[PDB]
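These notes are about the structure you will find just below.
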Amino acid sequence: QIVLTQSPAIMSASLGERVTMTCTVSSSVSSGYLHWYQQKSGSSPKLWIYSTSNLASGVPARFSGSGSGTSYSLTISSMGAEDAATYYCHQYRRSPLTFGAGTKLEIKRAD
Amino acid sequence: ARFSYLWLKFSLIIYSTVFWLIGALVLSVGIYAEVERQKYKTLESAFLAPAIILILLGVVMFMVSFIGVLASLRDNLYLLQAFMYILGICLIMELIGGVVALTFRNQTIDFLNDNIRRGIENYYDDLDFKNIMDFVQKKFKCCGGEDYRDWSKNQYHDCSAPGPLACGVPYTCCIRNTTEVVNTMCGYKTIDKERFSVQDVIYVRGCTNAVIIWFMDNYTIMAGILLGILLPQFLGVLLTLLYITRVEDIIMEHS
Amino acid sequence: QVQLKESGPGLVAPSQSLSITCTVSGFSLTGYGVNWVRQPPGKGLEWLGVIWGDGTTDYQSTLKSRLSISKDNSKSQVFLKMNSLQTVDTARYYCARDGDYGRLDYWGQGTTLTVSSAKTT
Amino acid sequence: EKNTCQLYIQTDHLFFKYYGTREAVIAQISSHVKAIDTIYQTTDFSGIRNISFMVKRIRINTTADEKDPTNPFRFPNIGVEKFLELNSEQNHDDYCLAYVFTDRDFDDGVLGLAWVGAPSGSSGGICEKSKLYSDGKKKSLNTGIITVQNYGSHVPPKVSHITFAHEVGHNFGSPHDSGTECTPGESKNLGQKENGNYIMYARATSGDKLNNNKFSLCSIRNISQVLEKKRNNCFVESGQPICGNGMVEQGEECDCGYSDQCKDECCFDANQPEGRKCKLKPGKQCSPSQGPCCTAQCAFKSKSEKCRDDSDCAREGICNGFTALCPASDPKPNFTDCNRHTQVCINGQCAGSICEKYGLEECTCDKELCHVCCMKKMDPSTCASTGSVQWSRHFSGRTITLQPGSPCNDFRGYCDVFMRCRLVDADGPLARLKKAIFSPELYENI
Ligand SMILES: *[C@@H]1O[C@H](CO)[C@@H](O[C@@H]2O[C@H](CO)[C@@H](O[C@H]3O[C@H](CO)[C@@H](O)[C@H](O[C@H]4O[C@H](CO)[C@@H](O)[C@H](O)[C@@H]4O)[C@@H]3O)[C@H](O)[C@H]2NC(C)=O)[C@H](O)[C@H]1NC(C)=O
Ligand SMILES: *[C@@H]1O[C@H](CO)[C@@H](O[C@@H]2O[C@H](CO)[C@@H](O[C@H]3O[C@H](CO)[C@@H](O)[C@H](O)[C@@H]3O)[C@H](O)[C@H]2NC(C)=O)[C@H](O)[C@H]1NC(C)=O
Ligand SMILES: CC(C)CCC[C@@H](C)[C@H]1CC[C@H]2[C@@H]3CC=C4C[C@@H](OC(=O)CCC(=O)O)CC[C@]4(C)[C@H]3CC[C@]12C
Ligand SMILES: CC(C)CCC[C@@H](C)[C@H]1CC[C@H]2[C@@H]3CC=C4C[C@@H](OC(=O)CCC(=O)O)CC[C@]4(C)[C@H]3CC[C@]12C
Ligand SMILES: CNC(=O)[C@H](Cc1ccccc1)NC(=O)[C@H](CC(C)C)[C@H](CSc1cccs1)C(=O)NO
Ligand SMILES: *[C@@H]1O[C@H](CO)[C@@H](O)[C@H](O)[C@H]1NC(C)=O
Ligand SMILES: [Ca+2]
Ligand SMILES: [Zn+2]
């Protein structure tokens, strides 16, 4: 049994900043078996990072994930204004396929 | 006419008596081998023993040649004709055996290998076949009948057997340079593994195939052996024709 | 390109069986596994089960009894069957392909699943 | 990319029909691969001192395939040229060589056909990619055929894996042997003729001569050019991780083969995506191919099950559920007997004779020469056997007969089943007669 703890739950970052996303697994799993998907509140979750180091097709290069073992991460060099989506950390090396709780993201704007 | 009787009579008498002595010697040797082998016989197998082969060959030669002697001496047309037809029958029988082998080579090789396997079943109890088999397996660079694997038939060379020689070829199949010391343990643990894995330790090819390969390779020697086997019989047949002509002249002149 | 599409009934009577088909295209199903991940309205992804390239299945332990996934390799269609869906079963049912290293690279649009004894209005 | 050639070997329906089972077909195919590897490794091909082979997919066609309309290999009558062409019509870019094993008779009794390699130009041979060629079809000419029967008689396996070596040598750039130096079978010198012709002969050798398993100097020199110009193109490192061959190794958890290879329900096949292929399915925690004590439903067995049977030094061996591999056997106590009572076990294997079980060393050692011999350790003071009265507390009076075959008197004898041992050299009646006559019998008899 594996649980993919994703922290923090809600991300509020202003435009152009650097926002990091952390996924911590219960037991260490292979580096290449963890991935990342965003879901823009009404769209199918598209693959963003696979093997935690290789980006997907048609994606910006500002996303730079990393991790190995028990803790993993996803880093954004420049917070893009269209990045409002729930980024999901995922593994299926061992059953069951466990999706992260979903680290929601919002753009911190003027009050 | 006079010169025909003396030389032909002496030739037939000498031929028949020489074959009589040779047949008696080989039959006595075969009988002695039978006695000294059945002394040590332990397991009942339908083995064509070398001693049995010698006995059969000796008895055939002895009886045919004794008919020849009792013909040539005592000058009997009936026994001379019997000698003629018996020698001719032996010749044609050997020839048809040769042609039937050249035809059914596959299963005459199968029959030879079956006899060799039955012999290596009595390998350790028939010392005559033992000596002949090791001599062939040494000089001809071969093991077993059709391969090294036929040694599994022997009781002491079976994977199921508990001895050290369990499915292991004898100390004669192993490759051994003349400037080397023979080791009994050379062929140990050989039968079970594949043919190519043991090509550098033991001889792999069978001795039947090795013998035919050598005979094809030494056709001068093969021709010499076949001539020495057949031509004396043909000479006896022709000499008997000549003596038949001489005795026909004799009965014509006496009448 | 390679696309996955799901056809769903949409409206499901409570305690009545469900059937969703994910007519895949662009890949040989014999060498790829098609997952089945549902999503409650505005909630996290939930995993139901998968059917592999050889027809083997591995469901979620809490939905093993009701779940049923089958496929026809020649027909290139993945079928998901659910039985006795309560009111909590409402979700968006996505079919995803198990790519290299278990990644869910390609997804379908998904079907909204509504469970309610109420009629249309 | 140093010394190994990956083979794609396929067997038609007649091969399976003769061999009956997939186990027999795979055993014969592995035997052919092993024979050809033994042939090639020893032959120093000038440039390289070791060229091994490693089959990557053993693809076997079942008799039921004969009814398939799109399979062109089901035709009972087919030319050798056409057979090789259809072998080449398939895509074989991912393979050093690709061979088809058949059991059909071919015209003029040919034992197969391959494609001649070349150092430069003349596309065809090892490490060959698909290309248009002529005739409008892309043919992968890293292909060769082989039949295990000629003139309606099945070819023995020595000749079969000699003609396999022939075909791979043609794929390796070695033409048929020519000249007195490289074809010793036709040489009139008897010493060289008895050696026999080499593998690369236009006519199939009997396989019973010395050179029938070896590559000639001509063939080795020809193969040297090809292996210096095209070796580092499709070859692989020795022991490289390449799954799907049915051999479990590092970098993988289990092996199945390809999609139409195994019926295992808990291991990903080769057609599965990268990372998942040749790995245990998520949830199935073990595989039967991994270890001998895994359930058919692919789960760790309980502690009740025991992998191995009775052993000469262990009882059964217990693995329980923590690893697929059965652990090291639990050895029986020191000085525990083995087969008959000739030796005893110490460290999981039995050796060092029996007599030290109660404590004494084995003597070297007329029927008393064949059972077992051992004295009190302080020198051969009493070299008596096991059943002797001098040992009335260790062996009591029990005698231990040696194995039938174990030699007496150093190594000039052999024990029989009757507690006796006769000389291995032996005399024999006819040889005794010869020695009694060839000796100066004039004074030897009188
Ligand atoms: C064991 O049985 C297998 C069947 O169960 C055999 O595999 C079959 O192999 C044949 C050809 O080798 C294949 O036929 C077609 O395969 C392709 C389908 O698209 C096609 O590419 C083939 O070749 C054609 O391609 C060119 C392209 O330009 C065409 O122009 C030509 O017309 C050319 O014919 C061919 O049409 C079968 O599909 C395939 N069956 C399966 C189930 O995969 C194995 O060959 C057989 N092996 C042995 C050793 O018995
Ligand atoms: C690749 O294999 C070729 C065999 O087909 C080989 O060609 C052969 O070479 C030998 C000499 O090595 C020739 O033998 C000729 O010369 C010797 C000298 O005594 C005698 O036996 C005869 O006079 C004979 O004519 C073969 O004739 C020749 N065969 C052919 C078909 O050309 C090549 O040499 C090999 N490649 C390399 C690089 O060595
Ligand atoms: C090696 C074995 C298997 C050969 C078997 C053949 C012989 C044992 C037999 C078969 C036919 C027999 C013959 C049948 C007829 C006659 C004719 C007979 O003629 C006479 O009595 C008158 C002529 C004369 O003066 O000889 C002489 C014996 C002979 C040759 C017989 C001799 C013995 C023969 C050759
Ligand atoms: C060794 C010297 C004394 C020459 C004598 C040779 C013959 C006595 C041998 C050589 C060829 C042998 C034959 C070779 C093959 C056959 C066929 C064989 O029958 C089959 O194989 C039938 C089935 C099939 O057709 O395959 C039975 C034994 C027989 C007659 C053998 C009998 C004994 C023969 C005639
Ligand atoms: C028992 N069968 C045979 O002895 C037949 C007889 C024969 C000889 C020459 C031509 C035709 C038939 N030889 C073969 O089977 C050869 C394979 C054996 C020797 C390993 C076979 C000869 S085919 C040809 C390719 C190019 C011209 S000829 C071969 O070398 N393939 O790579
Ligand atoms: C047998 O004796 C050796 C010492 O030589 C010891 O190491 C070994 O553990 C003993 N065997 C067993 C089963 O205890
Ligand atoms: Ca492997
Ligand atoms: Zn050839």
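If you're wondering about the labels, chains in the structure tokens are A, B, ... by order shown, residues count from 1 in each chain, ligands from 1 in order shown.
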If you count only C-alpha atoms, which residues fall within 6 Å of stretch 85-87 of chain C, apart from same-chain ones fewer than 6 positions away, as a PyMOL selection string?
chain C and resi 14-15+115
Residue list (strand (DSSP E or B), DSSP) for stretch 22-69 of chain C, as a PyMOL selection string:
chain C and resi 22-24+33-39+46-51+57-59+68-69
I'd like the neighbourhood of residue B:67 as a PyMOL selection string, where a residue qualifies if any of its atoms comes within 8 Å (using only C-alpha atoms), though same-chain residues fewer than 4 positions away should be ignored.
chain B and resi 63+71+79-80+82-83
May I have the selected residues written with C-alpha atoms, as an mmCIF file, in the first residue's frame?
data_model
loop_
_atom_site.group_PDB
_atom_site.id
_atom_site.type_symbol
_atom_site.label_atom_id
_atom_site.label_comp_id
_atom_site.auth_asym_id
_atom_site.auth_seq_id
_atom_site.Cartn_x
_atom_site.Cartn_y
_atom_site.Cartn_z
ATOM 1 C CA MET B 63 32.858 -78.311 -43.056
ATOM 2 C CA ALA B 71 36.167 -84.782 -52.848
ATOM 3 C CA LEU B 79 31.478 -84.581 -53.393
ATOM 4 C CA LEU B 80 33.357 -82.493 -55.970
ATOM 5 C CA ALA B 82 28.841 -80.491 -53.720
ATOM 6 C CA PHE B 83 32.082 -78.614 -52.988
#
Counting only C-alpha atoms and all ligand atoms, name the residues that have an atom within 7 Å of an atom of ligand 7; the answer should be given as a count of residues only.
10
May I have the residues of chain A within 12 Å of chain D, counting only C-alpha atoms, written as a PyMOL selection string?
chain A and resi 1-2+30-34+50-51+91-98
Just the selected residues (N, CA, C and O atoms), exported as a PDB file, in the first residue's frame, please.
ATOM      1  N   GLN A   1       0.825  -1.202   0.000  1.00  0.00           N
ATOM      2  CA  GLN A   1       0.000   0.000   0.000  1.00  0.00           C
ATOM      3  C   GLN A   1       0.863   1.257   0.000  1.00  0.00           C
ATOM      4  O   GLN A   1       1.773   1.398   0.818  1.00  0.00           O
ATOM      5  N   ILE A   2       0.570   2.167  -0.924  1.00  0.00           N
ATOM      6  CA  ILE A   2       1.303   3.418  -1.069  1.00  0.00           C
ATOM      7  C   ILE A   2       0.308   4.567  -1.008  1.00  0.00           C
ATOM      8  O   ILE A   2      -0.816   4.450  -1.507  1.00  0.00           O
ATOM      9  N   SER A  30      10.764   3.927  -7.642  1.00  0.00           N
ATOM     10  CA  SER A  30      11.729   4.272  -8.677  1.00  0.00           C
ATOM     11  C   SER A  30      11.514   5.698  -9.170  1.00  0.00           C
ATOM     12  O   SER A  30      10.389   6.203  -9.217  1.00  0.00           O
ATOM     13  N   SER A  31      12.621   6.350  -9.532  1.00  0.00           N
ATOM     14  CA  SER A  31      12.565   7.748  -9.948  1.00  0.00           C
ATOM     15  C   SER A  31      11.738   7.923 -11.214  1.00  0.00           C
ATOM     16  O   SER A  31      10.997   8.902 -11.349  1.00  0.00           O
ATOM     17  N   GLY A  32      11.852   6.987 -12.154  1.00  0.00           N
ATOM     18  CA  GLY A  32      11.163   7.113 -13.424  1.00  0.00           C
ATOM     19  C   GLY A  32       9.689   6.774 -13.406  1.00  0.00           C
ATOM     20  O   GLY A  32       9.004   7.022 -14.402  1.00  0.00           O
ATOM     21  N   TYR A  33       9.185   6.216 -12.309  1.00  0.00           N
ATOM     22  CA  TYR A  33       7.802   5.763 -12.243  1.00  0.00           C
ATOM     23  C   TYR A  33       6.835   6.819 -11.722  1.00  0.00           C
ATOM     24  O   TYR A  33       5.625   6.573 -11.716  1.00  0.00           O
ATOM     25  N   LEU A  34       7.324   7.976 -11.288  1.00  0.00           N
ATOM     26  CA  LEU A  34       6.464   9.050 -10.815  1.00  0.00           C
ATOM     27  C   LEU A  34       6.298  10.099 -11.907  1.00  0.00           C
ATOM     28  O   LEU A  34       7.214  10.352 -12.694  1.00  0.00           O
ATOM     29  N   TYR A  50       7.084  13.274 -16.992  1.00  0.00           N
ATOM     30  CA  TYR A  50       7.223  11.836 -16.816  1.00  0.00           C
ATOM     31  C   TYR A  50       8.658  11.533 -16.411  1.00  0.00           C
ATOM     32  O   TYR A  50       9.590  12.229 -16.829  1.00  0.00           O
ATOM     33  N   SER A  51       8.823  10.516 -15.564  1.00  0.00           N
ATOM     34  CA  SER A  51      10.108  10.143 -14.975  1.00  0.00           C
ATOM     35  C   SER A  51      10.689  11.249 -14.099  1.00  0.00           C
ATOM     36  O   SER A  51      11.875  11.211 -13.752  1.00  0.00           O
ATOM     37  N   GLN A  91       1.780   7.512  -9.326  1.00  0.00           N
ATOM     38  CA  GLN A  91       2.667   6.363  -9.428  1.00  0.00           C
ATOM     39  C   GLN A  91       1.827   5.117  -9.663  1.00  0.00           C
ATOM     40  O   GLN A  91       0.716   5.001  -9.140  1.00  0.00           O
ATOM     41  N   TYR A  92       2.361   4.193 -10.465  1.00  0.00           N
ATOM     42  CA  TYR A  92       1.748   2.883 -10.640  1.00  0.00           C
ATOM     43  C   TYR A  92       2.799   1.778 -10.690  1.00  0.00           C
ATOM     44  O   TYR A  92       2.598   0.755 -11.352  1.00  0.00           O
ATOM     45  N   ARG A  93       3.928   1.969 -10.008  1.00  0.00           N
ATOM     46  CA  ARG A  93       4.895   0.883  -9.894  1.00  0.00           C
ATOM     47  C   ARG A  93       4.349  -0.249  -9.036  1.00  0.00           C
ATOM     48  O   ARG A  93       4.591  -1.424  -9.331  1.00  0.00           O
ATOM     49  N   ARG A  94       3.610   0.085  -7.980  1.00  0.00           N
ATOM     50  CA  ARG A  94       2.991  -0.897  -7.105  1.00  0.00           C
ATOM     51  C   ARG A  94       1.510  -0.582  -6.964  1.00  0.00           C
ATOM     52  O   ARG A  94       1.104   0.583  -6.936  1.00  0.00           O
ATOM     53  N   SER A  95       0.704  -1.634  -6.879  1.00  0.00           N
ATOM     54  CA  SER A  95      -0.729  -1.469  -6.718  1.00  0.00           C
ATOM     55  C   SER A  95      -1.058  -0.998  -5.302  1.00  0.00           C
ATOM     56  O   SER A  95      -0.377  -1.370  -4.343  1.00  0.00           O
ATOM     57  N   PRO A  96      -2.104  -0.174  -5.143  1.00  0.00           N
ATOM     58  CA  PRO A  96      -2.937   0.365  -6.220  1.00  0.00           C
ATOM     59  C   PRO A  96      -2.355   1.626  -6.847  1.00  0.00           C
ATOM     60  O   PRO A  96      -1.514   2.282  -6.232  1.00  0.00           O
ATOM     61  N   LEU A  97      -2.794   1.953  -8.061  1.00  0.00           N
ATOM     62  CA  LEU A  97      -2.441   3.225  -8.677  1.00  0.00           C
ATOM     63  C   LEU A  97      -2.993   4.353  -7.818  1.00  0.00           C
ATOM     64  O   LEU A  97      -4.211   4.517  -7.710  1.00  0.00           O
ATOM     65  N   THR A  98      -2.112   5.134  -7.205  1.00  0.00           N
ATOM     66  CA  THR A  98      -2.507   6.134  -6.220  1.00  0.00           C
ATOM     67  C   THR A  98      -2.191   7.524  -6.753  1.00  0.00           C
ATOM     68  O   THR A  98      -1.020   7.891  -6.895  1.00  0.00           O
TER      69      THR A  98
END
Which residues are close to stretch 44-46 of chain C, i.e. within 9 Å by only C-alpha atoms, leaving aside same-chain residues fewer than 2 positions away? Reply as a ChimeraX atom specification.
/A:86,88,97-102 /C:36-42,48
Select, as a VMD selection string, those residues of chain B with any atom no more than 7 Å from chain D (distances computed using only C-alpha atoms).
chain B and resid 33 36 127 to 128 131 156 162 to 165 196 205
Which protein, DNA or RNA residues have an atom within 10 Å of ligand 1, counting only C-alpha atoms and all ligand atoms, as an mmCIF file with C-alpha atoms, in the first residue's frame?
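Generated output (part_7.cif):
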data_model
loop_
_atom_site.group_PDB
_atom_site.id
_atom_site.type_symbol
_atom_site.label_atom_id
_atom_site.label_comp_id
_atom_site.auth_asym_id
_atom_site.auth_seq_id
_atom_site.Cartn_x
_atom_site.Cartn_y
_atom_site.Cartn_z
ATOM 1 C CA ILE D 9 15.135 -17.877 -34.723
ATOM 2 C CA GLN D 10 11.720 -19.003 -35.955
ATOM 3 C CA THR D 11 10.420 -22.551 -36.351
ATOM 4 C CA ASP D 12 7.733 -23.481 -38.872
ATOM 5 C CA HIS D 13 4.835 -25.863 -38.229
ATOM 6 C CA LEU D 14 6.662 -28.974 -39.474
ATOM 7 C CA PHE D 15 9.429 -28.402 -36.917
ATOM 8 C CA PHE D 16 6.824 -28.432 -34.137
ATOM 9 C CA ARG D 59 9.355 -17.729 -31.923
ATOM 10 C CA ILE D 60 7.715 -21.119 -32.465
ATOM 11 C CA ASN D 61 4.802 -21.742 -34.835
ATOM 12 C CA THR D 62 2.245 -24.318 -33.670
ATOM 13 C CA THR D 63 0.632 -26.866 -35.996
ATOM 14 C CA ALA D 64 -2.695 -25.019 -35.626
ATOM 15 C CA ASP D 65 -1.042 -22.093 -37.456
ATOM 16 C CA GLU D 66 -1.090 -24.154 -40.688
ATOM 17 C CA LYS D 67 -4.738 -23.111 -41.195
ATOM 18 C CA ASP D 68 -3.874 -19.385 -41.051
ATOM 19 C CA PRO D 69 -4.456 -17.936 -44.547
ATOM 20 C CA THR D 70 -2.052 -14.994 -44.186
ATOM 21 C CA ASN D 71 0.846 -17.192 -43.035
ATOM 22 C CA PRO D 72 2.813 -18.094 -46.197
ATOM 23 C CA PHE D 73 4.958 -20.742 -44.474
ATOM 24 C CA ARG D 74 2.061 -23.230 -44.324
ATOM 25 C CA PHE D 75 2.517 -24.290 -47.956
ATOM 26 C CA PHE D 83 11.632 -19.799 -48.476
ATOM 27 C CA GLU D 85 12.925 -14.681 -49.655
ATOM 28 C CA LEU D 86 9.899 -14.955 -47.367
ATOM 29 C CA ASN D 87 12.235 -15.116 -44.384
ATOM 30 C CA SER D 88 13.794 -11.908 -45.725
ATOM 31 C CA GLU D 89 10.411 -10.303 -46.471
ATOM 32 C CA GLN D 90 9.770 -9.849 -42.750
ATOM 33 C CA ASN D 91 11.171 -6.831 -40.922
ATOM 34 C CA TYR D 99 16.736 -17.585 -39.028
ATOM 35 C CA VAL D 100 13.871 -19.919 -39.909
ATOM 36 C CA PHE D 101 14.082 -23.544 -38.773
ATOM 37 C CA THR D 102 12.037 -25.940 -40.896
ATOM 38 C CA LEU D 132 14.457 -1.207 -50.770
ATOM 39 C CA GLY D 136 9.890 -3.282 -55.101
ATOM 40 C CA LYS D 137 9.953 -4.847 -51.618
ATOM 41 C CA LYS D 138 12.155 -4.026 -48.637
ATOM 42 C CA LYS D 139 14.007 -7.228 -47.726
ATOM 43 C CA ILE D 145 16.989 -20.835 -43.596
ATOM 44 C CA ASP D 260 2.479 -14.775 -28.263
#
Applying 9 Å and only C-alpha atoms, which residues near stretch 17-27 of chain B remain after dropping the ones on its own chain fewer than 6 positions away? List them as a PyMOL selection string.
chain B and resi 54-66+68-69
Write the residues of the selection above to a file with N, CA and C atoms, as an mmCIF file, in the first residue's frame.
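Here's the written file selection00.cif:
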data_model
loop_
_atom_site.group_PDB
_atom_site.id
_atom_site.type_symbol
_atom_site.label_atom_id
_atom_site.label_comp_id
_atom_site.auth_asym_id
_atom_site.auth_seq_id
_atom_site.Cartn_x
_atom_site.Cartn_y
_atom_site.Cartn_z
ATOM 1 N N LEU B 54 33.737 -66.260 -34.305
ATOM 2 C CA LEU B 54 34.843 -67.146 -34.646
ATOM 3 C C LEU B 54 34.375 -68.588 -34.773
ATOM 4 N N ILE B 55 33.496 -69.032 -33.872
ATOM 5 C CA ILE B 55 33.001 -70.406 -33.926
ATOM 6 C C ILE B 55 32.231 -70.645 -35.218
ATOM 7 N N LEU B 56 31.335 -69.721 -35.568
ATOM 8 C CA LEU B 56 30.535 -69.888 -36.777
ATOM 9 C C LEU B 56 31.416 -69.891 -38.020
ATOM 10 N N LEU B 57 32.337 -68.928 -38.111
ATOM 11 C CA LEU B 57 33.229 -68.867 -39.264
ATOM 12 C C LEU B 57 34.086 -70.123 -39.360
ATOM 13 N N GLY B 58 34.618 -70.581 -38.226
ATOM 14 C CA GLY B 58 35.450 -71.766 -38.234
ATOM 15 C C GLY B 58 34.692 -73.014 -38.631
ATOM 16 N N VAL B 59 33.461 -73.168 -38.138
ATOM 17 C CA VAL B 59 32.699 -74.364 -38.477
ATOM 18 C C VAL B 59 32.314 -74.348 -39.953
ATOM 19 N N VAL B 60 31.958 -73.175 -40.489
ATOM 20 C CA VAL B 60 31.631 -73.093 -41.911
ATOM 21 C C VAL B 60 32.844 -73.465 -42.753
ATOM 22 N N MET B 61 33.994 -72.850 -42.457
ATOM 23 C CA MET B 61 35.202 -73.162 -43.211
ATOM 24 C C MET B 61 35.571 -74.631 -43.075
ATOM 25 N N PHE B 62 35.481 -75.176 -41.861
ATOM 26 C CA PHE B 62 35.906 -76.548 -41.622
ATOM 27 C C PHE B 62 35.043 -77.533 -42.396
ATOM 28 N N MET B 63 33.719 -77.367 -42.349
ATOM 29 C CA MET B 63 32.858 -78.311 -43.056
ATOM 30 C C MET B 63 32.994 -78.172 -44.570
ATOM 31 N N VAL B 64 33.018 -76.937 -45.085
ATOM 32 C CA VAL B 64 33.140 -76.752 -46.530
ATOM 33 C C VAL B 64 34.455 -77.339 -47.026
ATOM 34 N N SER B 65 35.547 -77.042 -46.322
ATOM 35 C CA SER B 65 36.850 -77.538 -46.727
ATOM 36 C C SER B 65 36.979 -79.042 -46.537
ATOM 37 N N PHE B 66 36.301 -79.621 -45.543
ATOM 38 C CA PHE B 66 36.354 -81.070 -45.386
ATOM 39 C C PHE B 66 35.608 -81.764 -46.516
ATOM 40 N N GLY B 68 35.517 -80.468 -49.438
ATOM 41 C CA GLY B 68 36.504 -80.325 -50.498
ATOM 42 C C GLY B 68 37.596 -81.378 -50.445
ATOM 43 N N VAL B 69 38.072 -81.702 -49.240
ATOM 44 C CA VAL B 69 39.122 -82.707 -49.091
ATOM 45 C C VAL B 69 38.600 -84.081 -49.488
#
Find the residues of chain C in contact range of chain A, meaning any atom within 7 Å when counting only C-alpha atoms, and list them as a list in words.
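Putting it all together, I get residues 44, 45, 46, 47, 60, 101, 102, 103, 104, 105, 106, 107, 108 and 109 of chain C.
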Step by step, measure atom-to-atom distances between ligand 8 and each residue using only C-alpha atoms and all ligand atoms, keep those at most 12 Å, then write them as a VMD selection string.
chain D and resid 110 to 117 144 to 146 162 to 177 199 to 204 219
Excluding stretch 8-17 of chain A and its own-chain neighbours fewer than 5 positions away, which residues fall within 8 Å of it when counting only C-alpha atoms? Please give them as a PyMOL selection string.
chain A and resi 22+77-81+101-109
Save the residues we just selected, C-alpha atoms, as a short mmCIF file (atom, residue, chain, number, x, y, z; two decimals), in the first residue's frame?
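Done, and the output landed in again-v8.cif:
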data_model
loop_
_atom_site.label_atom_id
_atom_site.label_comp_id
_atom_site.auth_asym_id
_atom_site.auth_seq_id
_atom_site.Cartn_x
_atom_site.Cartn_y
_atom_site.Cartn_z
CA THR A 22 6.09 18.80 -3.42
CA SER A 77 11.01 28.85 -12.98
CA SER A 78 8.44 31.52 -13.90
CA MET A 79 4.81 31.29 -12.78
CA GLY A 80 2.77 31.49 -15.98
CA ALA A 81 -0.59 33.26 -15.92
CA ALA A 101 -4.70 14.52 -3.30
CA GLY A 102 -4.13 17.32 -5.81
CA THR A 103 -2.18 20.49 -5.09
CA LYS A 104 -4.56 23.18 -6.31
CA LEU A 105 -3.12 26.41 -7.68
CA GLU A 106 -4.48 29.95 -7.79
CA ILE A 107 -3.00 33.21 -9.07
CA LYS A 108 -2.47 35.61 -6.18
CA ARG A 109 -3.86 38.88 -7.57
#
